[PDB]
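Following: one structure in structure tokens, then a few remarks.
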Amino acid sequence: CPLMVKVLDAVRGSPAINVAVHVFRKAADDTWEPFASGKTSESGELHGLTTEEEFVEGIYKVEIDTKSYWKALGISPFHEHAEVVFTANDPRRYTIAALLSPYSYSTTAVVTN
Amino acid sequence: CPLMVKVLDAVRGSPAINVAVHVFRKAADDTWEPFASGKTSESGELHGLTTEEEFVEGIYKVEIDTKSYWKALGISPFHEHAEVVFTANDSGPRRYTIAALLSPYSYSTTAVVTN
Amino acid sequence: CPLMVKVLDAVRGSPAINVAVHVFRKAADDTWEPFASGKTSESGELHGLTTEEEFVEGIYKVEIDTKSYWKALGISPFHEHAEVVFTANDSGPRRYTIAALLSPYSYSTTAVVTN
Amino acid sequence: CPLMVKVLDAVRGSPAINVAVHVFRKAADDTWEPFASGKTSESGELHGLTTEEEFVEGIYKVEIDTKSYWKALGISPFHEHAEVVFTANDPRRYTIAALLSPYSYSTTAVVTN
Ligand SMILES: O=C(O)c1ccc(-c2ccc(OCCCCCCOc3ccc(Nc4ccccc4C(=O)O)cc3)cc2)cc1
């Protein structure tokens, strides 16, 4: 599990559940190629995206479908999505945490061995 | 302004208006002595708390009354308030801005310190 | 100013100065068309990106070049940049401020929207 | 485990390890009485602070010794500490997460069953 994404709701003080997350890798032609995706769990976490063998060095984009999240709660959101773009370098485990509000998002990386 | 507070509302995407702020200074005796107070304006800013002469060295507490803010809006939040405690002016006079971002279950504060 | 960006540095407790910002608008064709660009001033603010007339309805991307900022300071950060994508002016003209707080391994953005 | 505290370093992208945390409960005379304390673990988490039986409704203060944390890293910090003050109400598990930078701290609550 070199990559885990966790999503939090700052309005309700809870995990953000059933949030779609899409991971892309940057290809040599600068396009974004699908890499991994899923929906956050009841704990707001998304496990099992990738394996060490697949997760090579490069530039990755994590897109979080925050607009659907908010609209399903009957709340009009500001952003079209939340995006986090980063280079993976060879400590080895990346946790991407995002904290969501209708008009704000924050993202932090915790990178450990 | 040697001491300013600015507050944003991350739910409404607006300044956080009419937020009460109480400032305290730790006294000789190690209690919190009231120092100044005010509330944020339509721009979410609070100016005119103090003066260069009055804002001497010390340990200051900026209490941001986030609970009353969310409750005045008829919303039930997590925290009682936001407290920001720092030593000020120990290397000569500086200008301090306390910036805060509020959500019902989260807040954040950052300090901008200028000479 | 219909569109403004302000950026703070949570490490130094200062405005984030000389941060490059590129704005894009999604085009007819579904690509990102360059729209405007600038860099933050000594106050960490970026004014004069656009005009009311030019800032029509659309989907806008504000790219904040945080990597170049941390690297110009000789520091190695996590993110490539900060991207902020939103639909603007779909209910008539508004004024948008994109506020960001930066640390090497974390950033945060909030929008203040006024009428 | 009705109360867990987690502390993150936004400068290094890591758990904030060996950070002292003190919990107090507000007494009827408005003083703060010691309640629980410890140091964050290698994951930046502090488990086992209290039990359901001890953790009654009331106002609690969590104080995080951020100044020592920064100074031990050779960094001059802005705040004297980070503090989080909240009322416990009868969902039942509170996670207090704090993200630290020299001149900033953020705190979020995740409150689940
Ligand atoms: O258990 C876990 O795995 C876990 C759970 C939760 C975790 C966290 C913890 C903390 C997190 O995020 C908070 C984020 C960063 C700080 C806050 C937000 O942003 C701003 C704050 C203040 C701002 N003010 C400002 C800036 C410039 C100009 C003007 C202003 C103003 O007027 O207020 C602007 C933006 C996210 C996730 C981490 C780990």
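Starting from 1 in every chain, residues are counted up; chains themselves are A, B, ... following the order of the structure tokens, and ligands are numbered from 1 as listed.
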
Checklist entry - Near residue B:66, counting only C-alpha atoms, which residues have an atom at most 10 Å away, once you skip same-chain residues fewer than 6 positions from it, shown as a list in words? => result residues 7, 16, 19, 20, 21, 72, 77, 78, 79, 80, 81, 82, 83, 102, 103, 104 and 107 of chain B

Next on the checklist: Give me, as a PyMOL selection string, the residues of chain B touching chain D, with the criterion being at most 6 Å (counting only C-alpha atoms).
Outcome noted: chain B and resi 79-80+85-86+105-111

Generate the output file for the selected residues, N, CA, C and O atoms, as a PDB file, in the first residue's frame.
```pdb
ATOM      1  N   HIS B  79     -15.870  23.351  18.525  1.00  0.00           N
ATOM      2  CA  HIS B  79     -14.943  24.012  19.472  1.00  0.00           C
ATOM      3  C   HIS B  79     -15.594  25.090  20.231  1.00  0.00           C
ATOM      4  O   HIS B  79     -16.542  25.675  19.773  1.00  0.00           O
ATOM      5  N   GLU B  80     -15.088  25.395  21.448  1.00  0.00           N
ATOM      6  CA  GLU B  80     -15.617  26.474  22.274  1.00  0.00           C
ATOM      7  C   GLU B  80     -15.148  27.832  21.743  1.00  0.00           C
ATOM      8  O   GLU B  80     -15.854  28.818  21.731  1.00  0.00           O
ATOM      9  N   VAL B  85      -1.996  31.789  21.336  1.00  0.00           N
ATOM     10  CA  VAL B  85      -1.142  32.289  22.454  1.00  0.00           C
ATOM     11  C   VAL B  85       0.302  32.395  21.935  1.00  0.00           C
ATOM     12  O   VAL B  85       0.881  31.427  21.385  1.00  0.00           O
ATOM     13  N   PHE B  86       0.889  33.589  22.114  1.00  0.00           N
ATOM     14  CA  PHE B  86       2.222  33.844  21.541  1.00  0.00           C
ATOM     15  C   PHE B  86       2.934  34.913  22.340  1.00  0.00           C
ATOM     16  O   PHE B  86       2.261  35.760  22.927  1.00  0.00           O
ATOM     17  N   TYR B 105     -16.359  22.266  12.399  1.00  0.00           N
ATOM     18  CA  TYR B 105     -15.576  21.171  13.023  1.00  0.00           C
ATOM     19  C   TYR B 105     -14.078  21.341  12.790  1.00  0.00           C
ATOM     20  O   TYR B 105     -13.227  20.444  12.983  1.00  0.00           O
ATOM     21  N   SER B 106     -13.654  22.561  12.338  1.00  0.00           N
ATOM     22  CA  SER B 106     -12.228  22.739  12.030  1.00  0.00           C
ATOM     23  C   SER B 106     -11.902  24.218  12.094  1.00  0.00           C
ATOM     24  O   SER B 106     -12.652  25.017  11.628  1.00  0.00           O
ATOM     25  N   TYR B 107     -10.786  24.566  12.673  1.00  0.00           N
ATOM     26  CA  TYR B 107     -10.356  25.933  12.365  1.00  0.00           C
ATOM     27  C   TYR B 107      -8.862  25.952  12.257  1.00  0.00           C
ATOM     28  O   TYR B 107      -8.143  25.046  12.694  1.00  0.00           O
ATOM     29  N   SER B 108      -8.421  27.016  11.662  1.00  0.00           N
ATOM     30  CA  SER B 108      -7.007  27.125  11.408  1.00  0.00           C
ATOM     31  C   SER B 108      -6.628  28.556  11.687  1.00  0.00           C
ATOM     32  O   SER B 108      -7.404  29.440  11.422  1.00  0.00           O
ATOM     33  N   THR B 109      -5.428  28.749  12.222  1.00  0.00           N
ATOM     34  CA  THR B 109      -4.930  30.061  12.464  1.00  0.00           C
ATOM     35  C   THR B 109      -3.489  30.134  11.959  1.00  0.00           C
ATOM     36  O   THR B 109      -2.744  29.178  12.113  1.00  0.00           O
ATOM     37  N   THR B 110      -3.145  31.265  11.375  1.00  0.00           N
ATOM     38  CA  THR B 110      -1.761  31.513  10.979  1.00  0.00           C
ATOM     39  C   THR B 110      -1.401  32.937  11.412  1.00  0.00           C
ATOM     40  O   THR B 110      -2.271  33.774  11.521  1.00  0.00           O
ATOM     41  N   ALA B 111      -0.134  33.184  11.650  1.00  0.00           N
ATOM     42  CA  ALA B 111       0.340  34.510  12.118  1.00  0.00           C
ATOM     43  C   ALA B 111       1.185  35.076  10.963  1.00  0.00           C
ATOM     44  O   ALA B 111       2.005  34.332  10.382  1.00  0.00           O
TER      45      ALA B 111
END
```

Next on the checklist: Taking only C-alpha atoms into account, find every residue of chain C that has an atom no more than 7 Å from chain B, and write it out as a PyMOL selection string.
Outcome noted: chain C and resi 10+13-15+110-113

Selection from above, N, CA, C and O atoms, as an mmCIF file, in the first residue's frame, can you write it?
```cif
data_model
loop_
_atom_site.group_PDB
_atom_site.id
_atom_site.type_symbol
_atom_site.label_atom_id
_atom_site.label_comp_id
_atom_site.auth_asym_id
_atom_site.auth_seq_id
_atom_site.Cartn_x
_atom_site.Cartn_y
_atom_site.Cartn_z
ATOM 1 N N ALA C 10 3.149 29.723 5.838
ATOM 2 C CA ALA C 10 2.928 29.259 7.193
ATOM 3 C C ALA C 10 4.251 28.873 7.926
ATOM 4 O O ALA C 10 4.217 28.658 9.149
ATOM 5 N N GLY C 13 5.823 32.733 8.462
ATOM 6 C CA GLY C 13 4.792 33.685 9.033
ATOM 7 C C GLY C 13 4.855 35.030 8.331
ATOM 8 O O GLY C 13 5.059 36.088 8.904
ATOM 9 N N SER C 14 4.673 34.999 7.010
ATOM 10 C CA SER C 14 4.791 36.120 6.148
ATOM 11 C C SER C 14 3.898 35.955 4.923
ATOM 12 O O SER C 14 3.416 34.862 4.675
ATOM 13 N N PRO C 15 3.696 37.032 4.183
ATOM 14 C CA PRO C 15 3.094 36.851 2.849
ATOM 15 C C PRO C 15 4.044 35.985 2.054
ATOM 16 O O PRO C 15 5.259 35.976 2.281
ATOM 17 N N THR C 110 -8.987 28.708 0.060
ATOM 18 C CA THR C 110 -10.383 29.040 0.332
ATOM 19 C C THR C 110 -10.797 30.145 -0.645
ATOM 20 O O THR C 110 -9.961 30.897 -1.096
ATOM 21 N N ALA C 111 -12.071 30.220 -0.952
ATOM 22 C CA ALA C 111 -12.595 31.216 -1.920
ATOM 23 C C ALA C 111 -13.472 32.172 -1.092
ATOM 24 O O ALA C 111 -14.266 31.700 -0.249
ATOM 25 N N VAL C 112 -13.330 33.465 -1.325
ATOM 26 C CA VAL C 112 -14.240 34.509 -0.779
ATOM 27 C C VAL C 112 -14.930 35.079 -2.013
ATOM 28 O O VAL C 112 -14.231 35.651 -2.925
ATOM 29 N N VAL C 113 -16.230 34.934 -2.047
ATOM 30 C CA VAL C 113 -17.026 35.362 -3.136
ATOM 31 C C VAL C 113 -17.984 36.396 -2.653
ATOM 32 O O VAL C 113 -18.746 36.158 -1.727
#
```

Checklist entry - Which one is closest to ligand 1: D:92, D:6, D:12, D:67? Count only C-alpha atoms and all ligand atoms. => result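 Ranked by minimum distance to ligand 1, first place goes to D:6.
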
Checklist entry - Looking at D:49, D:113, D:65, D:76, which one is nearest to chain A, with distances taken over only C-alpha atoms? => result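 Comparing D:49, D:113, D:65, D:76 against chain A, the winner is D:113.
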
Checklist entry - Contacts of residue A:45 at 9 Å or less, counting only C-alpha atoms, minus same-chain residues fewer than 3 places along, as a list in words? => result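 Listing them by chain and then by number gives residues 4, 5, 6, 7, 8, 15, 16, 17, 39, 40, 41, 42 and 97 of chain A.
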
Write the residues of the preceding selection, restricted to C-alpha atoms, as a CSV table (one decimal), in the first residue's frame.
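Writing the result to part-v9.csv gives the following:
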```csv
chain,number,residue,atom,x,y,z
A,4,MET,CA,-3.6,5.9,0.6
A,5,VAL,CA,-6.1,8.8,0.3
A,6,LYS,CA,-8.2,10.0,3.2
A,7,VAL,CA,-11.0,12.5,3.0
A,8,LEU,CA,-12.6,14.5,5.9
A,15,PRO,CA,-15.1,11.0,7.3
A,16,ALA,CA,-16.2,11.9,3.8
A,17,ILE,CA,-17.8,8.7,2.7
A,39,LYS,CA,-14.6,5.4,-3.5
A,40,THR,CA,-13.7,6.3,0.1
A,41,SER,CA,-14.9,3.9,2.7
A,42,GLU,CA,-16.9,4.4,5.8
A,97,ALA,CA,-5.3,13.7,3.4
```

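With distances restricted to only C-alpha atoms, A:43 is the closest residue to chain D from A:43, A:31, A:66, A:50.
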
Item to check | Top pick for closest residue to chain D, considering A:35, A:94, A:55, A:24 and counting only C-alpha atoms | outcome: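 Nearest to chain D: A:94.
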
Checklist entry - So what do you get for atom CA of residue B:46 versus atom CA of residue B:3, distance-wise? => result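 Between atom CA of residue B:46 and atom CA of residue B:3 the gap works out to 8.8 Å.
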
Next on the checklist: Let me make sure I understand: among A:70, A:93, A:20, A:37, which one has the smallest atom-to-atom distance to chain D if we use only C-alpha atoms?
Outcome noted: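 Selected residue with least distance to chain D: A:93.
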
Item to check | For chain D, the nearest of the candidates A:3, A:11, A:46, A:28, counting only C-alpha atoms | outcome: A:11

Checklist entry - Where in chain C does DSSP assign helix (DSSP H, G or I), given as an NGL selection string? => result :C and (66-72)

With N, CA, C and O atoms kept, could you save the residues just selected as a compact mmCIF listing (two decimals), in the first residue's frame?
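After the write, again.txt holds the following:
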```
# COMPACT_ATOMS: atom_id res chain seq x y z
N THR C 66 3.39 26.64 -6.48
CA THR C 66 3.96 26.49 -5.15
C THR C 66 5.31 25.82 -5.22
O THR C 66 6.18 26.16 -4.41
N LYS C 67 5.49 24.89 -6.15
CA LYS C 67 6.79 24.20 -6.28
C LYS C 67 7.86 25.21 -6.59
O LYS C 67 8.92 25.15 -5.99
N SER C 68 7.60 26.12 -7.52
CA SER C 68 8.65 27.03 -7.94
C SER C 68 8.96 27.96 -6.79
O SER C 68 10.09 28.35 -6.56
N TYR C 69 7.92 28.32 -6.04
CA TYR C 69 8.07 29.16 -4.85
C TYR C 69 8.99 28.54 -3.84
O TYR C 69 9.93 29.21 -3.38
N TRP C 70 8.75 27.28 -3.45
CA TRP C 70 9.54 26.64 -2.42
C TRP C 70 10.97 26.43 -3.02
O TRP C 70 11.97 26.58 -2.29
N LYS C 71 11.07 26.09 -4.30
CA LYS C 71 12.40 25.81 -4.90
C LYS C 71 13.24 27.09 -5.08
O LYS C 71 14.49 27.05 -5.02
N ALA C 72 12.57 28.24 -5.29
CA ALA C 72 13.29 29.54 -5.46
C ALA C 72 13.90 29.91 -4.13
O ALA C 72 14.89 30.67 -4.06
```

Would you give me, as a compact mmCIF listing (two decimals) with N, CA, C and O atoms, in the first residue's frame, the residues in chain D that DSSP reads as strand (DSSP E or B)?
```
# COMPACT_ATOMS: atom_id res chain seq x y z
N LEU D 3 -11.36 9.00 22.88
CA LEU D 3 -10.57 10.25 22.58
C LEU D 3 -9.21 9.88 22.04
O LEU D 3 -8.45 9.17 22.72
N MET D 4 -8.88 10.35 20.84
CA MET D 4 -7.58 10.08 20.27
C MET D 4 -7.11 11.39 19.71
O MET D 4 -7.91 12.14 19.18
N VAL D 5 -5.82 11.63 19.84
CA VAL D 5 -5.25 12.86 19.33
C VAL D 5 -4.18 12.45 18.34
O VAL D 5 -3.37 11.49 18.59
N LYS D 6 -4.12 13.15 17.21
CA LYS D 6 -3.12 12.87 16.19
C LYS D 6 -2.48 14.16 15.79
O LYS D 6 -3.23 15.17 15.63
N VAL D 7 -1.19 14.15 15.62
CA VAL D 7 -0.43 15.41 15.33
C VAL D 7 0.46 15.18 14.13
O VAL D 7 1.24 14.18 14.11
N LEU D 8 0.33 16.11 13.18
CA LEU D 8 1.05 16.09 11.88
C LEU D 8 1.98 17.28 11.69
O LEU D 8 1.62 18.37 12.14
N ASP D 9 3.13 17.06 11.04
CA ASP D 9 4.11 18.13 10.72
C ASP D 9 4.00 18.46 9.24
O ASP D 9 4.33 17.62 8.34
N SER D 14 5.31 14.54 7.86
CA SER D 14 5.44 13.38 8.73
C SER D 14 4.58 13.52 9.95
O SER D 14 4.06 14.63 10.24
N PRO D 15 4.41 12.40 10.69
CA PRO D 15 3.79 12.44 11.98
C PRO D 15 4.68 13.32 12.84
O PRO D 15 5.92 13.36 12.59
N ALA D 20 4.34 16.20 23.52
CA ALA D 20 3.54 16.13 24.73
C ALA D 20 2.15 16.72 24.53
O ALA D 20 1.98 17.79 23.91
N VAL D 21 1.15 16.03 25.06
CA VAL D 21 -0.21 16.44 24.99
C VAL D 21 -0.81 16.29 26.38
O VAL D 21 -0.68 15.25 27.04
N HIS D 22 -1.47 17.34 26.80
CA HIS D 22 -2.15 17.35 28.07
C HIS D 22 -3.60 17.62 27.88
O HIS D 22 -3.94 18.55 27.19
N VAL D 23 -4.45 16.79 28.49
CA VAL D 23 -5.92 16.95 28.49
C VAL D 23 -6.39 17.42 29.84
O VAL D 23 -5.95 16.86 30.88
N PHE D 24 -7.24 18.40 29.87
CA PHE D 24 -7.88 18.89 31.13
C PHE D 24 -9.40 18.88 31.01
O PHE D 24 -9.91 18.98 29.93
N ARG D 25 -10.11 18.75 32.15
CA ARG D 25 -11.55 18.89 32.17
C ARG D 25 -11.88 20.15 32.97
O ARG D 25 -11.17 20.48 33.93
N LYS D 26 -12.93 20.84 32.58
CA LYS D 26 -13.29 22.05 33.29
C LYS D 26 -14.07 21.66 34.53
O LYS D 26 -15.04 20.92 34.44
N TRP D 32 -9.13 24.38 35.25
CA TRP D 32 -8.79 23.21 34.45
C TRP D 32 -8.12 22.14 35.28
O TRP D 32 -7.02 22.34 35.79
N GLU D 33 -8.76 21.01 35.43
CA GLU D 33 -8.17 19.92 36.18
C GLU D 33 -7.54 18.86 35.27
O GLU D 33 -8.15 18.38 34.28
N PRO D 34 -6.29 18.46 35.58
CA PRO D 34 -5.67 17.45 34.78
C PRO D 34 -6.55 16.27 34.59
O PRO D 34 -7.27 15.84 35.54
N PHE D 35 -6.51 15.73 33.38
CA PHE D 35 -7.39 14.62 33.02
C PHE D 35 -6.62 13.45 32.44
O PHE D 35 -6.81 12.28 32.80
N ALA D 36 -5.71 13.75 31.51
CA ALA D 36 -4.95 12.72 30.81
C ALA D 36 -3.82 13.38 30.15
O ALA D 36 -3.92 14.56 29.81
N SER D 37 -2.73 12.63 29.97
CA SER D 37 -1.62 13.13 29.17
C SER D 37 -0.76 12.01 28.60
O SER D 37 -0.88 10.86 28.98
N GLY D 38 0.13 12.38 27.68
CA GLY D 38 1.02 11.44 27.05
C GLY D 38 1.82 12.15 25.98
O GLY D 38 1.74 13.36 25.84
N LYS D 39 2.57 11.34 25.28
CA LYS D 39 3.42 11.78 24.15
C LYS D 39 2.95 11.04 22.91
O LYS D 39 2.61 9.86 22.93
N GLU D 45 0.30 9.50 16.78
CA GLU D 45 -0.97 9.35 17.44
C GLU D 45 -0.81 9.12 18.91
O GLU D 45 0.22 8.59 19.38
N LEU D 46 -1.82 9.51 19.67
CA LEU D 46 -1.82 9.29 21.07
C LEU D 46 -3.11 8.58 21.39
O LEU D 46 -4.18 9.16 21.33
N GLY D 58 -18.84 17.09 29.25
CA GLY D 58 -18.30 18.31 29.85
C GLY D 58 -17.38 19.03 28.86
O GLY D 58 -17.36 18.64 27.73
N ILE D 59 -16.69 20.05 29.36
CA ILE D 59 -15.75 20.84 28.53
C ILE D 59 -14.34 20.37 28.80
O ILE D 59 -13.90 20.30 29.98
N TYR D 60 -13.62 20.05 27.70
CA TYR D 60 -12.28 19.54 27.81
C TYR D 60 -11.32 20.45 27.04
O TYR D 60 -11.73 21.11 26.04
N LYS D 61 -10.08 20.49 27.50
CA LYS D 61 -9.05 21.25 26.82
C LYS D 61 -7.91 20.29 26.50
O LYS D 61 -7.44 19.58 27.40
N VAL D 62 -7.47 20.29 25.22
CA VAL D 62 -6.30 19.50 24.80
C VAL D 62 -5.22 20.52 24.49
O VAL D 62 -5.43 21.37 23.65
N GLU D 63 -4.11 20.41 25.18
CA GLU D 63 -2.98 21.32 25.00
C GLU D 63 -1.85 20.52 24.36
O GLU D 63 -1.48 19.44 24.84
N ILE D 64 -1.30 21.06 23.27
CA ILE D 64 -0.28 20.39 22.54
C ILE D 64 1.01 21.22 22.66
O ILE D 64 1.03 22.38 22.32
N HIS D 79 3.92 30.06 18.25
CA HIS D 79 2.90 29.85 19.34
C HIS D 79 3.53 29.28 20.61
O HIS D 79 4.55 28.59 20.63
N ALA D 82 -0.45 24.78 21.20
CA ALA D 82 -1.66 24.70 20.47
C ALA D 82 -2.64 24.18 21.47
O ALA D 82 -2.29 23.36 22.28
N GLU D 83 -3.86 24.67 21.39
CA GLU D 83 -4.90 24.35 22.39
C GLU D 83 -6.16 24.04 21.57
O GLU D 83 -6.40 24.67 20.52
N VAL D 84 -6.96 23.09 22.03
CA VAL D 84 -8.23 22.79 21.42
C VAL D 84 -9.19 22.59 22.59
O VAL D 84 -8.96 21.72 23.43
N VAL D 85 -10.23 23.39 22.61
CA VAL D 85 -11.25 23.37 23.70
C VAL D 85 -12.63 23.04 23.12
O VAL D 85 -13.09 23.65 22.16
N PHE D 86 -13.28 22.05 23.73
CA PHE D 86 -14.52 21.49 23.12
C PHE D 86 -15.39 20.89 24.20
O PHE D 86 -14.92 20.48 25.29
N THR D 87 -16.67 20.85 23.88
CA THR D 87 -17.65 20.10 24.75
C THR D 87 -17.85 18.67 24.23
O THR D 87 -18.10 18.43 23.01
N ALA D 88 -17.74 17.70 25.16
CA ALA D 88 -18.07 16.32 24.83
C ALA D 88 -19.59 16.18 25.07
O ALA D 88 -20.06 16.64 26.09
N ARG D 93 -17.00 8.71 19.53
CA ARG D 93 -15.54 8.69 19.50
C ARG D 93 -14.99 9.94 18.83
O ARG D 93 -15.41 10.24 17.69
N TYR D 94 -14.10 10.61 19.56
CA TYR D 94 -13.58 11.92 19.11
C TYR D 94 -12.16 11.71 18.66
O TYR D 94 -11.35 11.22 19.43
N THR D 95 -11.81 12.07 17.43
CA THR D 95 -10.44 12.15 17.03
C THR D 95 -10.16 13.65 16.85
O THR D 95 -10.86 14.29 16.10
N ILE D 96 -9.16 14.13 17.52
CA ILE D 96 -8.67 15.54 17.39
C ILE D 96 -7.37 15.48 16.53
O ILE D 96 -6.37 14.89 16.92
N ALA D 97 -7.36 16.07 15.34
CA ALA D 97 -6.16 16.03 14.52
C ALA D 97 -5.62 17.43 14.48
O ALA D 97 -6.41 18.39 14.30
N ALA D 98 -4.33 17.57 14.66
CA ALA D 98 -3.69 18.91 14.55
C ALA D 98 -2.60 18.83 13.51
O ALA D 98 -1.83 17.87 13.49
N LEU D 99 -2.54 19.86 12.65
CA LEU D 99 -1.49 19.99 11.64
C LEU D 99 -0.68 21.23 11.99
O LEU D 99 -1.26 22.34 12.13
N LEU D 100 0.63 21.01 12.12
CA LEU D 100 1.54 22.04 12.64
C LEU D 100 2.50 22.59 11.59
O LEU D 100 3.09 21.86 10.82
N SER D 101 2.60 23.92 11.62
CA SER D 101 3.72 24.61 10.97
C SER D 101 4.26 25.62 11.98
O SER D 101 3.59 25.97 12.96
N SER D 104 1.66 28.43 12.22
CA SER D 104 0.26 28.11 11.95
C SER D 104 -0.08 26.82 12.63
O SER D 104 0.76 25.89 12.74
N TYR D 105 -1.31 26.73 13.11
CA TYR D 105 -1.80 25.35 13.38
C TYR D 105 -3.25 25.26 13.02
O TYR D 105 -3.99 26.24 13.05
N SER D 106 -3.66 24.06 12.66
CA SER D 106 -5.04 23.80 12.29
C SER D 106 -5.48 22.58 13.11
O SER D 106 -4.68 21.70 13.44
N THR D 107 -6.76 22.54 13.43
CA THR D 107 -7.26 21.40 14.19
C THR D 107 -8.61 20.99 13.64
O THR D 107 -9.41 21.85 13.37
N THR D 108 -8.88 19.69 13.47
CA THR D 108 -10.14 19.28 12.96
C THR D 108 -10.63 18.20 13.92
O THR D 108 -9.80 17.52 14.47
N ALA D 109 -11.92 18.09 14.08
CA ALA D 109 -12.49 16.99 14.90
C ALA D 109 -13.22 15.99 13.96
O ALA D 109 -13.92 16.40 13.04
N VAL D 110 -13.05 14.70 14.20
CA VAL D 110 -13.80 13.68 13.45
C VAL D 110 -14.48 12.93 14.56
O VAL D 110 -13.81 12.42 15.48
N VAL D 111 -15.78 12.86 14.48
CA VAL D 111 -16.61 12.35 15.62
C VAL D 111 -17.51 11.35 15.04
O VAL D 111 -18.41 11.73 14.30
N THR D 112 -17.25 10.07 15.38
CA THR D 112 -17.91 8.92 14.74
C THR D 112 -18.39 7.89 15.77
O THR D 112 -17.98 7.94 16.94
```

Item to check | atom CA of residue A:27 to atom CA of residue A:52, distance in Å rounded to a single decimal | outcome: 18.5 Å

Next on the checklist: I'd like the neighbourhood of residue B:60 as a PyMOL selection string, where a residue qualifies if any of its atoms comes within 7 Å (using only C-alpha atoms), though same-chain residues fewer than 5 positions away should be ignored.
Outcome noted: chain B and resi 23-26+85-88

What does the file look like for those residues with C-alpha atoms, as a compact mmCIF listing (two decimals), in the first residue's frame?
```txt
# COMPACT_ATOMS: atom_id res chain seq x y z
CA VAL B 23 -7.20 39.63 23.87
CA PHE B 24 -5.42 38.90 27.15
CA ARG B 25 -1.86 39.46 28.40
CA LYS B 26 -0.17 37.21 30.96
CA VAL B 85 -1.14 32.29 22.45
CA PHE B 86 2.22 33.84 21.54
CA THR B 87 5.08 35.88 22.86
CA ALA B 88 5.07 39.31 21.24
```
